[PDB]
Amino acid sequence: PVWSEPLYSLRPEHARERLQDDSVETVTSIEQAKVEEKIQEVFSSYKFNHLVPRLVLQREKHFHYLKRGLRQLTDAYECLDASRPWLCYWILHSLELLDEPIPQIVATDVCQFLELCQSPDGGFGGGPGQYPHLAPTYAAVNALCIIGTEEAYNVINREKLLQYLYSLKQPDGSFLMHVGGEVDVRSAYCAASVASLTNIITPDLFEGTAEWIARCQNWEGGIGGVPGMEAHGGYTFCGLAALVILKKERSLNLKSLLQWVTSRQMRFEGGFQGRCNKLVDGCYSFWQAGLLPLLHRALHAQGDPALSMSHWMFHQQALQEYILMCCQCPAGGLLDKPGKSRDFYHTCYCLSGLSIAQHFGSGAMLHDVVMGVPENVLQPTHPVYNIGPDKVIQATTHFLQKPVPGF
């Protein structure tokens, strides 16, 4: 009908989704109200300016931002000087989602840089001459798999990688993030991700690890960084994704987890918060919404007959609207929420989340929902590794040719 608004966030009923603070004000509600008011202004801008809304992913602008960043960054990025393989991964993955090819000159330079970051005793550090750490190790492996050439695959010293992983393994099934470092669920994910991609998983590498992760699921249904801690989207993604790799998702209460994540989508903003009673943030478009494909697969593997065969169990439309309307910087790049500045991390995860929200797939069944102009459609991403599913298959196939180190 003509009176009908096709955008969910702009419908008249949507205003009923604004925060009800029960006339009891606290820091939490004051902060939430501020965000909602800012977001409402964005939603309303079309109507106040008397224009018809047009949701356009600014691809050319994002590409220019990325293409440049891959080469050179301002000193705004000094705080990421121990995380340079993350920068490689975020940028290459964003480019991959936007279906922009990686010049072979670029590919080889990235390979060579990551070689310099690799420790003689296994794993990758944040930069040349830095000690190894599971976080940049994960990023480096993803980045090399995105490139996906013989040269890239060959960078990874698999024997040393496995030795490095063992040196971090704790008796209780957990892993240190690095030597002398801290333990949390991120490390289980980082180790499982690189070990599965490169085919170095031995019989006992992950002994006790599934059980350790399960101890991090708490009374909320989500997963905390360590046993006892508040549930958080980032840690919940690491936990579930690692269990999926280990084929041990059933170690978790999947139903309380499903209930928890779906509750993290914000009824007004459309995006996701990282934990209960905190603020929406575009990067959770991946960390939180990425759980839904993982849960779908796990539940489906149990023969759940009630599963949709065309949508994930979150509001795909509302998430796209949040990202497209609220998270794009006009000059290129994406961001956390309106008012925040662009950066490569949010550019990666906002686009990853957009792809997830666009593409449903469960075995043979496929269904896309693309809000705004059709050119908005991104390439799909693998919900476990967050690189293209084609890159996952190609890497695993290549490394399965090799023997697990030690045989």
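C-alpha atoms forming the largest set that superposes within 1.5 Å between two forms make up the rigid core. One-based numbering along the sequence shown.
Root mean square Cα distance to the shown form, taken over structures and residues in 8 other deposited structures of this protein after a core fit, is higher for 71-79 when 71-79 and 259-267 are compared. Relative to the shown model and aligned on the rigid core, the C-alphas in 8 other deposited structures of this protein deviate most, among 41-49 and 62-70, for 41-49.
The PDB entry reports B-factors from which the mean C-alpha value can be compared for 97-105 and 326-334; the larger average falls on 97-105. Comparing 269-277 with 168-176, the higher mean C-alpha B-factor in the PDB entry belongs to 168-176.
In this entry, the residue among 319, 80, 194, 307 with the greatest C-alpha B factor is 307.
When the C-alpha B factors of 230, 211, 151, 184 are read from the deposited coordinates, the top value falls at 151. Residue 36: CA B factor in the middle third of modelled residues in this chain (values from the PDB entry). Per-chain ranking of the deposited C-alpha B factor places residue 65 in the middle third. Residue 372 sits in the highest third of its chain by CA B factor, as recorded in the PDB entry. Annotation for residue 353: CA B-factor lies in the lowest third of the chain's modelled residues. Remark: residue 315 belongs to the lowest third of its chain, ranked by C-alpha B-factor as recorded.
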